[PDB]
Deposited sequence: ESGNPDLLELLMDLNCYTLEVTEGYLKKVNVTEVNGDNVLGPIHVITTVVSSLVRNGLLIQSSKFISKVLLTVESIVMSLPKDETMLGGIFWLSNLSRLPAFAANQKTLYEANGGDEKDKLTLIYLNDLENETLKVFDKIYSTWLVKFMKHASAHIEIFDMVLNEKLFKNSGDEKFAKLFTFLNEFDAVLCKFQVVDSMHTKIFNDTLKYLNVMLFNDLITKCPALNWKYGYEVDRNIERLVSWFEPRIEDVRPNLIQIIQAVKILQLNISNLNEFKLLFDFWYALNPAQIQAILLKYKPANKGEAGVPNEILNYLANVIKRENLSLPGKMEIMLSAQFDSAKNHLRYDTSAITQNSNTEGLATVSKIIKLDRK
């Protein structure tokens, strides 16, 4: 009918969506409104698929994903959190949408094998883009949030080991707003959870890298104080997700090592992989006795470690950490103008 004719004018309804709706949405005025992008998007695709216009759907989705990625990439530092969550929440439903569409073309009725293949792919691909955008935004978001909430001075700075009620209060208040926005913008439960687990994974990297670079003196007492802070921070996460600490295993082991002994080790490291020989050295080469004029790291031990390093130095070793996140795969379970509307009415 007049629908098919409408649906074939690709360039026109694609431009309405990316330029007239998407690139304009203001997250500050969003609230409802949250799932507006996904609604518009799935409305068009659902119609296109129902009518066999697969290359069209492909074209439309491709342009839409480039637009959303660009918007998020160019988000202003003061909107990185609201905007990143808003958009990812929306894009987070594409895979579930794709999967659900498949039920309409399986079985009952005739099986449109090609459409299934199209949908199956739509799901795999929208997940690939969601992952790429997610990872990039989480690192950026957390890079700025760590600075603003002063995590290093709150957790690792020794000459500041006297207070941390001032800062931790602010941290918990940052986490509360974070959690609230993920709620308000309807991020799915599993995705919500994953976001906190990954947030901790980022902090693991940041805390560990900083410990090795901005902390000159380390000792048993440094371990007790730092551990006490890690628990303070982990407490907020404890009730909200399961398995909090494993996300912080490098900073935690590093700290447990400091609360050490003096007498030979060989059995507790010759097989250690939570932290590698070169990383344990980096920690222990910063050892400065707490009590002025006290014991340090037995050179024979520091020596065994030094020896184990040299032998398989393979082609490298690696001390610094880098944040890497798993695919949101098993975590994404769920349930305008002219042309854009004219479609929505048929």
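- When the deposited sequence is numbered from 1, the segments without any C-alpha atom are 1-4, 36, 113-114, 171, 273-275, 325-327, 350-358, 370-374.
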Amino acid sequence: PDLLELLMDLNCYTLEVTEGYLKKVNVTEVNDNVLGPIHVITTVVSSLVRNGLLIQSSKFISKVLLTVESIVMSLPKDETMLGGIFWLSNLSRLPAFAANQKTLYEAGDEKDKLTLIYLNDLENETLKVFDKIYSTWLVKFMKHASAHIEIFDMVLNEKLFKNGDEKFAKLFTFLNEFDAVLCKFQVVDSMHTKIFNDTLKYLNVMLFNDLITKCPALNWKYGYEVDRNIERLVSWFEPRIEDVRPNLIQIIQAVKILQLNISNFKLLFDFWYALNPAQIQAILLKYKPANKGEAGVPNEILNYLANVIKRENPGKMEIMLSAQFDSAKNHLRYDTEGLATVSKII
From here on, numbers count along this sequence of modelled residues.
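- Between the stretches 270-278 and 188-196, it is 270-278 that shows the larger average CA temperature factor.
- Note on 253-261 vs 124-132: mean CA B-factor is higher in 253-261.
- As recorded in the entry, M317 carries the highest CA temperature factor of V68, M317, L35, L284.
- The PDB entry gives the largest Cα B-factor of the residues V64, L321, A295, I55 to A295.
- When the modelled residues of the chain are ordered by C-alpha B-factor, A290 sits in the highest third.
- The entry lists a Cα temperature factor for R50 that places it in the middle third of the chain's modelled residues.
- When all modelled residues of the chain are sorted by CA temperature factor, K59 is found within the lowest third.
- The entry lists a Cα temperature factor for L114 that places it in the middle third of the chain's modelled residues.
- Per the deposited record, the Cα B-factor of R245 falls in the middle third when ranked against the other modelled residues of its chain.
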